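Coming up is one lone chain in structure tokens, specifically the form deposited without S-hexylglutathione.
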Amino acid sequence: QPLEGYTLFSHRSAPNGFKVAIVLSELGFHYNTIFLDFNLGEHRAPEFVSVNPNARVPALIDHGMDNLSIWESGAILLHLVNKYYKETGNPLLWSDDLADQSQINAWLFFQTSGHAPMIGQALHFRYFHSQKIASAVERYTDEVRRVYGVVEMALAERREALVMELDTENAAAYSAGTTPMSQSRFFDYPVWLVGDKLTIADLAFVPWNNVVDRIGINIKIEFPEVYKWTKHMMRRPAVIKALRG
């Protein structure tokens, strides 16, 4: 076990595994990746249960801090941004403002408990359950859509503000609905969930967005803002260099 660096226990499919890799990369941390293979029982295998009681990906070992283990992608990101800010004095992907950090946590916990889990069941009942049961598939498909509605309405709100301050010349127009914000030349430019800066709250959704297509959800069509917002993230070098393996 190395005494400097990080080790990330993941799995080829694991979306929360790519989520950690992403943040790990955006922050310039050097990490090793070990893909546990559950089709042999290495996830519940004791050497790892010590690192993660939940016996599953994703898990992180902070070699710097006496090989400390952090399971649960949500906690891993808060540990990573905290350590990064403590080290440089620069809150990259985070915020040195308590009010912003709570809003960031709000969206982070909202993603980990109300997005990934709903997408998870939506998949189960649609692909792995022991029988086709529509009422159950539609339950998560509907819930997952509602959550994208929440995210989408928030981003359109942040956008409205931007497109309405860098173009106060036609604000009332882009506000009354008379004319779509699609026509403002200040559209394209990226907006985020909190702090008008990229943070882990925005990143936490990406690995899960690339997959709600196999659940029948077409973000491109039914969630415009969520679409741009994802496209802005996928286009990041660090993310590109991360997503895959």
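Residue numbers run from 1 along the displayed sequence.
Keep in mind that the form solved in complex with S-hexylglutathione is missing from the display, and what follows is about it.
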Given S-hexylglutathione in the orientation seen in the entry with it bound, superposed onto this form through the C-alphas lining the site, is the binding site open or blocked (3 or more ligand atoms within 2.4 angstroms of backbone or C-beta atoms = blocked)? open
Among 24 to 32, 65 to 73, 190 to 198, 216 to 224, mark the stretch whose residues have heavy atoms within 4.5 Å of S-hexylglutathione in the entry with it bound. 65 to 73
Does any part of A136 reach within 4.5 Å of S-hexylglutathione in the entry with it bound? Heavy atoms only, please. no
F205 near S-hexylglutathione in the entry with it bound, any heavy atom under 4.5 Å? no
If you check in the entry with it bound, is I61 within 4.5 Å of S-hexylglutathione, heavy atoms only? no
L123: heavy atom within 4.5 Å of S-hexylglutathione in the entry with it bound? yes
Can you tell me which bits of 32 to 70 touch S-hexylglutathione in the entry with it bound, meaning any heavy atom within 4.5 Å? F38, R56, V57, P58
